[PDB]
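Chemist: One structure, as structure tokens, below. Some questions next.
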Amino acid sequence: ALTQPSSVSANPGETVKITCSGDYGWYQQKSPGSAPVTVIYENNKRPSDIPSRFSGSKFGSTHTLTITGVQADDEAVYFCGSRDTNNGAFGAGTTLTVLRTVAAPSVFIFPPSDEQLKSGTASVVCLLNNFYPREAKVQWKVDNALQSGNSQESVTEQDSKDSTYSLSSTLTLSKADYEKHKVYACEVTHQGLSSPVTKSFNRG
Amino acid sequence: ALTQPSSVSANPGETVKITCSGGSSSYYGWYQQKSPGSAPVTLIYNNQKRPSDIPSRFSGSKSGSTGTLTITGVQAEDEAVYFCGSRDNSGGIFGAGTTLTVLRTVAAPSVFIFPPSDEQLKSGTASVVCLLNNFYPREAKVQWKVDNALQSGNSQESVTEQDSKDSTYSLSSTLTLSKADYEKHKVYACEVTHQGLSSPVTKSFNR
Amino acid sequence: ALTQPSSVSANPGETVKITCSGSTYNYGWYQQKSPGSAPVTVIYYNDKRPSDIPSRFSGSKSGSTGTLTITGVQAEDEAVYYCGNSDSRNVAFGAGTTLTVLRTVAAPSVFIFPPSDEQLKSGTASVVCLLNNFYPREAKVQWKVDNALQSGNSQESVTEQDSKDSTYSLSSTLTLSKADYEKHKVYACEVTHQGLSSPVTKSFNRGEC
Amino acid sequence: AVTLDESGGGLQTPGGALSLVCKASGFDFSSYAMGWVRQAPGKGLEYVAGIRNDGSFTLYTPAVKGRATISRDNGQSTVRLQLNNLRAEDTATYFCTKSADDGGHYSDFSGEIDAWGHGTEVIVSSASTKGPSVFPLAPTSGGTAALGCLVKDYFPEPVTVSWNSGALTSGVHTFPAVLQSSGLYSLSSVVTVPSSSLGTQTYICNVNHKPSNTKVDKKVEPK
Amino acid sequence: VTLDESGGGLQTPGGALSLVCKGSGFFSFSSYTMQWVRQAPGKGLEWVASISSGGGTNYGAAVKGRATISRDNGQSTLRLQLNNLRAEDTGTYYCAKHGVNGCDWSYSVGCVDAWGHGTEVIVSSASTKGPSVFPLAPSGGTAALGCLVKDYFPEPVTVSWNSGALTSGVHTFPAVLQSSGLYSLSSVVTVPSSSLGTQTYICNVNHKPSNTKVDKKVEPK
Amino acid sequence: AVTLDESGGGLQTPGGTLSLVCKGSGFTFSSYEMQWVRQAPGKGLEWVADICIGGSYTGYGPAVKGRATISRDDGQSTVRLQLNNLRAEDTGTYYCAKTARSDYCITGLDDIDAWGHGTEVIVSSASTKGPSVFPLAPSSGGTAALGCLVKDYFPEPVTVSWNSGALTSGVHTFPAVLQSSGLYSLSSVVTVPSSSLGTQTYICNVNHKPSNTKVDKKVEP
Amino acid sequence: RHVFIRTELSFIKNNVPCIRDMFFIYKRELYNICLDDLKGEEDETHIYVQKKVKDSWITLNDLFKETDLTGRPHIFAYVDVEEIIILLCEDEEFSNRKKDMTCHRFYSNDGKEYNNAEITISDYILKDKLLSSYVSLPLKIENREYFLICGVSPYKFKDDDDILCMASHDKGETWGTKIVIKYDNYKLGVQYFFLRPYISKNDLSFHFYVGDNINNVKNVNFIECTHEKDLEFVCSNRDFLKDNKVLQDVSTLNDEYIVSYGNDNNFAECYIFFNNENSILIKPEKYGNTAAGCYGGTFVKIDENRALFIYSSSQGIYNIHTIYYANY
Ligand SMILES: [Ca+2]
Ligand SMILES: [Ca+2]
């Protein structure tokens with residue numbers, strides 16, 4: 001059980017300090033599934049192909065990864081690696097969210113395709129694009145009625161060019177229940193929106 | 001700092017495995033206790049060494065900082081608490097002890113009710129007893145219904161160990177009331193809710 | 001690192017136990033009554049106790065955790081206790097465990113003081129609100145110049161608990177210029193404590209008596 | 001009688017250096033490991049530099065590493081700490097400590113200390129010394145009346161306030177100085193005397209400020 | 001080898017306790033590492049103390065400071081003096097032997113091959129109490145009876161049915177600590193209805209600390 | 001110039017075995033310690049197994065204890081990973097690692113200086129469902145949004161590339177979610193201005209490796 | 001008579017510098033306890049257990065990192081038929097008359113997975129007795145197995161007691177057992193160095209250098225210790241002086257001394273003598289080595305027949321003389 005903060009947040013140009021208190025090795029992983037890269041290969045050792053901004057320091061049983069001057073290419077989940085009692089293990093992961101200005105999501109509603117209807121299913125997809133912060137609310141309104149339990153959202157990792165998020169909510173409904181209604185609204189509630197933007201479309 | 005399970009369940013004939021994890025040691029050890037008052041019996045000492053009169057089905061194992069007991073071909077008589085013992089930087093550490101449960105068919109309990117002896121009433125106290133006999137599994141509910149009213153906070157439960165021949169249980173519920181409280185009510189029902197019973201069996205008397 | 005509780009609290013006579021974890025070598029406990037004052041070694045070398053230290057103080061190590069036991073705690077035993085050891089071949093101290101002694105709830109005796117005649121001639125006028133002998137340390141001091149809430153211009157000073165009756169004393173000071181002091185007249189001092197059902201407000205008139 | 005006399009810790013300057021010496025007596029100096037600890041204001045304890053009995057081994061806190069140089073003279077019974085390029089973060093009270101061991105194990109340094117010193121307030125700033133202005137706090141009536149003195153506007157710390165030339169001890173409370181928005185200190189000292197003793201008994205607060213060599217005696221009188 | 005730990009019982013709180021584990025059938029007992037392990041009621045196993053062949057003494061975090069383990073090699077005995085007794089100090093005490101070849105550290109519990117019978121140590125100021133036996137009489141086919149042992153202290157009570165002859169059907173329950181402080185235990189037995197009249201069923205209760213050999217006869221009213 | 005390549009992806013049935021391999025290059029294999037590290041869906045990094053220089057020492061992780069088996073083939077420069085009794089927990093992306101120090105085998109995860117690309121393993125006994133690609137067209141003014149949808153496909157992963165890798169700017173890939181029926185739903189959109197609606201051709205190329213299905217769906221509004 | 005000598009030369013590369021080396025055999029495999037104590041800006045102290053896998057030393061745990069030890073500790077390591085127990089005891093710089101010793105204890109049933117806990121030999125027998133690190137194994141004295149920490153007296157001018165050991169019969173946790181060594185040839189004004197106990201078949205013997213006052217060189221000495229009453233031992237000097245050769249190391253095979261000799265104190269060439277009958281000359285100029293010799297030539301017994309002869313003719317290079325002998 002290597003103690004490591006759930007998340008850390010610092011603005012660009014500023015220094016960042018990540019503590020692992022559970023010798024220590026730091027490995028960055030940009031997106032879940034992508035191959036991680038060793039940022040610091042010991043307490044005070046850095047690989048050749050790694051920027052000089054990255055540095056490490058161990059004091060007692062606590063290590064701190066110091067990113068003196070942070071950029072947008074440093075947006076990744078950092079992991080510490082060491083040994084607990086006898087065995088070897090990794091940290092929980094520190095997600096590095098970079099401090100930026102409040103962005104509003106560009107909402108685009110999509111209707112089920114002509115090929116989808118023939119199969120027997122019809123899912124309406126509500127897309128959100130380039131927004132900050134990650135906190136967002138998506139509510140469905142089929143003919144001005146609240147829908148709950150039949151919607152699954154998908155949030156992407158922070159972009160490495162502009163530090164923005166993108167959401168993908170999907171309303172799963174059967175072919176029979178889709179043809180019974182005409183108006184499909186999408187109430188989007190974000191921090192950067194004073195009035196919730198509702199994008200609606202007609203069946204015809 | 002030894003972390004081993006609380007429960008493990010096996011049908012007779014199957015091979016079972018208990019995993020004891022943690023500690024800064026070179027050796028682990030498994031100890032069996034049948035009942036809580038029972039003295040421990042070493043099954044495997046020093047990771048794999050098996051003391052005399054311990055079956056071959058009892059196997060010792062150790063991968064890294066994790067010892068493992070393997071019961072290759074479980075028998076009904078293997079129902080017991082299985083503690084693991086090792087070494088920490090503090091001293092000798094033990095495990096929570098994994099209670100082995102032997103699986104068998106679903107049995108309905110033999111519900112019985114016992115009024116207080118008239119010799120006991122003269123003392124001032126009245127103990128009403130409900131007996132659940134040779135049932136499976138241990139998960140049962142006992143509700144006391146004095147004159148059709150739920151009795152809470154005045155009854156205690158006692159459960160015997162699982163049998164090593166039939167692998168069934170037994171539960172005694174003792175409702176303790178005052179002599180006056182007993183004579184004032186007439187109908188003394190004991191509702192027993194179990195999985196083996198389609199409808200809750202209520203054993204009752206009238207005194 | 002050498003993790004040690006932020007604070008611990010018990011009634012006089014109760015046994016107190018302070019844990020320090022993250023090292024398996026020689027623990028050393030050092031008490032410090034007030035920040036800045038020279039600390040005094042309570043227990044050194046895990047359990048060894050200096051001659052001039054009470055018998056109620058004892059120490060014990062189990063694995064990588066040490067526990068300072070104070071059997072039957074008294075008034076003087078209030079202090080920030082610091083643990084010391086090697087944390088992974090590094091010499092380091094703990095965060096500090098503060099000992100607040102749970103004695104009966106005491107109410108503060110409030111005394112408001114006006115700026116002196118000498119003070120006014122210099123060009124400054126500081127009003128001092130004095131809280132004395134109270135428990136616990138949690139207290140609220142709010143200033144009211146002519147029934148108006150004052151914030152940002154008041155600095156409080158809390159003393160180290162008393163070694164005989166276990167009481168605290170607070171010293172809030174309202175810093176105002178000579179020009180702003182003569183423009184107002186009624187100076188109230190709303191004191192909100194746990195042992196006070198109604199906040200005692202001590203007020204004084206400018207130029208009276 | 002074991003003593004630890006710190007000598008050389010006061011007002012220092014940014015980028016500069018210090019030479020904190022410690023004098024020890026009452027024990028065999030050449031057999032115990034010695035060290036220096038520091039408490040930053042508003043912060044906890046922190047080991048600075050440790051030195052072995054034979055002076056052959058030294059250790060430094062990552063903050064002072066490469067700038068500090070703990071030395072020791074067993075013959076003279078001293079342990080001099082030299083710190084260079086003094087930062088704002090180096091403002092703290094420095095205590096000379098004594099381990100009850102040779103320093104054979106790392107824990108001997110912070111977990112086996114059987115002797116401490118008074119301390120020395122080390123301040124790292126390019127600022128000048130000021131003199132305190134003691135204003136009385138005149139006494140509202142009851143069973144027990146309080147009175148005090150206001151040691152306002154002084155730099156740096158500390159200040160020693162006594163009552164009636166060391167005669168009044170019971171009921172005297174000395175409150176720590178609050179650092180003002182201008183950079184000065186506002187210490188206050190009150191004393192709870194009987195309500196009947198007002199007027200008939202004289203009360204003169206003696207404030208002694210060592211940095212500016214200021215010594216002001218003020219008579220607090222009720223009206 | 002046989003381990004006979006004895007010398008423990010109902011002790012008064014805040015006092016001393018010397019148990020003695022009598023080693024029998026040992027060959028060079030001196031060589032073995034000797035141990036003490038305890039089990040509080042309804043709790044698990046706890047290491048108490050160890051002693052290596054050279055006198056290597058180590059005590060469990062729970063008892064360190066007031067405990068003292070020793071070995072009288074000559075008489076093959078293992079002893080344990082424990083002062084200032086508490087409720088945490090209640091439970092059975094088992095005497096353990098470490099395997100012949102040894103272990104990593106003498107204070108380990110991964111190398112015990114031999115255990116003793118167990119001396120139950122009870123720390124309490126309440127004095128001995130004998131129980132009160134009361135019947136649980138019966139009402140074709142199968143039927144059930146039993147007999148309630150009511151108020152006793154300390155915990156060991158032995159209910160032999162029909163002087164040992166009756167064991168089939170017998171379910172002696174595990175005693176409960178009542179609100180009061182004393183224990184109530186309930187031994188029952190399942191028999192056929194045809195045998196009710198033809199057979200006599202005797203409760204054979206036995207409380208050792210208070211010498212209460214009670215012998216009740218359960219019969220229908 | 002270190003390159004770590006992995007064996008082909010898997011979708012084996014539970015209770016079975018799993019075989020993996022790491023083709024190492026650009027360094028002196030058989031002088032560095034090698035290890036395996038798995039990553040569960042949306043979870044942290046879990047060390048699986050470490051093998052010393054000359055296969056002298058072996059060590060496995062807690063979840064794969066008594067099931068995992070490593071095999072470094074020095075002549076082939078490949079590390080094998082055997083895993084019997086497959087469970088749901090074993091589903092995830094697996095990586096290979098190389099310690100930084102030569103002739104060094106201390107236990108600890110602070111020394112890895114090389115990482116493999118990764119390969120996916122899905123423990124499930126379900127049939128590989130064919131991917132269905134549906135075109136999504138908007139009904140914007142300045143910036144228009146075109147994309148495609150992959151529904152009713154199993155198991156992961158799916159590589160979607162616009163114009164066979166030519167169009168990379170403004171391409172967002174969304175992770176798949178487990179629907180109520182038990183299938184995944186992946187989506188991908190590309191932000192292009194309204195002036196290019198007619199003069200350019202956008203084709204969403206979906207690739208499903210377990211079922212071998214390559215359908216080129218064009219998206220037209 | 002059937003002599004059966006058989007040598008094969010091999011090499012081991014160590015990427016880790018070792019100020020000192022300690023070789024031991026366990027489970028029929030060769031291990032080294034390396035002291036990597038470099039004295040530079042980032043160079044720290046490490047004590048590594050290292051096992052040779054092919055033609056190169058593989059670094060296993062660094063045992064020293066656990067010890068709160070502040071510096072160079074004494075290494076007394078012991079091997080048994082199924083375990084290895086090691087200790088890092090404290091030194092006595094000037095008057096470090098630490099009336100009690102403080103070493104660590106490390107334990108393994110594989111030489112890899114090592115477990116540790118600090119031990120304390122309060123009021124230890126070997127107070128003010130100088131120490132020198134070494135590898136050893138259990139000696140049997142009166143059906144009891146003992147690991148031995150043996151030391152020596154600094155100077156001698158008053159006739160006597162002058163060499164002694166403490167012992168453990170609980171895998172090196174208790175050291176209350178005092179073994180006496182009665183070597184009556186401790187001349188007036190002599191000092192013994194690097195004292196290591198050669199143990200074999202429960203027969204006690206010692207190999208130690210002697211810093212000659214007249215000369216300025218250290219001369220090897222080997223004594224045979226005979227058991228008198230329980231725990232009492234009287235030793236005697238076994239002579240090995242050879243015409244124009246210097247004594248170096250000493251072992252036993254077939255219950256016969258296998259001794260080591262150099263041409264001169266610089267050791268350009270080394271010679272091994274099986275029962276003072278058969279010689280073998282080991283030419284250290286193997287692996288293309290101009291600047292080569294056999295200084296620090298050592299024996300690692302592996303069997304009553306096998307034993308290796310190892311030296312380092314340059315840094316990070318080990319010359320393995322694989323000896324086999326069978327006089328029957
Ligand atoms: Ca020491
Ligand atoms: Ca020490």
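If you go along the chain as it appears here, the first residue is 1 and each next one adds 1.
In case you wondered, yes, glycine gets a Cβ from its N, Cα and C as well.
Below are the features I grabbed from Swiss-Prot:
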- G:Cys18-G:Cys34: disulfide bond (DISULFID)
- G:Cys89-G:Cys103: disulfide bond (DISULFID)
- G:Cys150-G:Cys165: disulfide bond (DISULFID)
- G:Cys225-G:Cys235: disulfide bond (DISULFID)
- G:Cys270-G:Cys294: disulfide bond (DISULFID)
- G:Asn115: N-linked glycosylation site (CARBOHYD)
- G:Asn289: N-linked glycosylation site (CARBOHYD)
- G:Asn305: N-linked glycosylation site (CARBOHYD)
Chemist: What is the number of other Cβ atoms found within 10 Å of the Cβ of G:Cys18 (disulfide bond)?
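Modeler: A count of 22.
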Chemist: Can you check which residues sit near G:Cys89 (disulfide bond), meaning Cβ under 8 Å from its Cβ, same chain, 6 or more apart in sequence, and list them in order?
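Modeler: For G:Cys89 (disulfide bond), the qualifying residues are G:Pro73, G:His74, G:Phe76, G:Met101, G:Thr102, G:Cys103, G:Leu131, G:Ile149.
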Chemist: Compare the Cα of G:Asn289 (N-linked glycosylation site) against each of the recorded positions G:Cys18, G:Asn115, G:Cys225, G:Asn305 and report the nearest.
Modeler: G:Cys18
Chemist: Rounded to a whole number, what is the Cα-Cα distance in Å spanning the 3-residue gap between G:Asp160 and G:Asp161?
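Modeler: Cα-Cα distance across the unmodelled segment: 6 Å.
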Chemist: Spatially speaking, which of the recorded positions G:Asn115, G:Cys150, G:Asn305 is closest to G:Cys235 (disulfide bond)? Use C-alpha to C-alpha, please.
Modeler: G:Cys150
Chemist: Recorded positions G:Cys34, G:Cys89, G:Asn115, G:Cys150, G:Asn289: which sit with Cβ under 8 Å of a chain E Cβ?
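Modeler: Out of G:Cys34, G:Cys89, G:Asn115, G:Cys150, G:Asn289, G:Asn115 lie under 8 Å of chain E.
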Chemist: Would you find the one among the disulfide-bonded residues G:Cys150, G:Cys294 whose Cβ has the most company, meaning other Cβ atoms within 10 Å?
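Modeler: Result for the most crowded candidate: G:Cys294.
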Chemist: Kindly assign G:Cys103 (disulfide bond) to one of the three DSSP-derived states: helix, strand or coil.
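Modeler: Reduced to three states, the DSSP call for G:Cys103 (disulfide bond) is strand.
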Chemist: Nearest by CA distance to G:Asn305 (N-linked glycosylation site): which of the disulfide-bonded residues is it, out of G:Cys34, G:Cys150, G:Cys165, G:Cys270, G:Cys294?
Modeler: G:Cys270
Chemist: If you count the other Cβ atoms within 10 Å of each Cβ, which of the disulfide-bonded residues G:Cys34, G:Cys165, G:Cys225 comes out on top?
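Modeler: The most densely surrounded of these disulfide-bonded residues is G:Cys165.
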Chemist: For the disulfide-bonded residues G:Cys103, G:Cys235, G:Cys270, work out the Cβ neighbour count at 10 Å and name the residue with the minimum.
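Modeler: Per-residue Cβ counts within 10 Å for the disulfide-bonded residues G:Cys103, G:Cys235, G:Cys270 bottom out at G:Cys235.
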Chemist: Indicate whether G:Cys18 (disulfide bond) is helix, strand or coil by DSSP.
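Modeler: Once the DSSP labels are grouped into three classes, G:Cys18 (disulfide bond) ends up as coil.
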Chemist: Can you tell me which of the recorded positions G:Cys18, G:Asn115, G:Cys225, G:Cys270, G:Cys294 is spatially closest to G:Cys150 (disulfide bond)? Compare CA atoms only.
Modeler: G:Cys225
Chemist: Give the residue from the glycosylation sites G:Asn115, G:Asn289, G:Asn305 that has the most other Cβ atoms within 10 Å of its Cβ, counting over every protein chain displayed.
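Modeler: Counting Cβ neighbours within 10 Å, the top one is G:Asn115.
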Chemist: Calculate the distance in Å between the alpha carbons (Cα) of G:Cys225 (disulfide bond) and G:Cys165 (disulfide bond), and round it to a whole number.
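Modeler: G:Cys165 (disulfide bond) has its Cα 13 Å from the Cα of G:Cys225 (disulfide bond).
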Chemist: Could you check the recorded positions G:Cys89, G:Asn115, G:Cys150 and tell me which sit with their Cβ under 8 Å of a chain B Cβ?
Modeler: G:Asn115
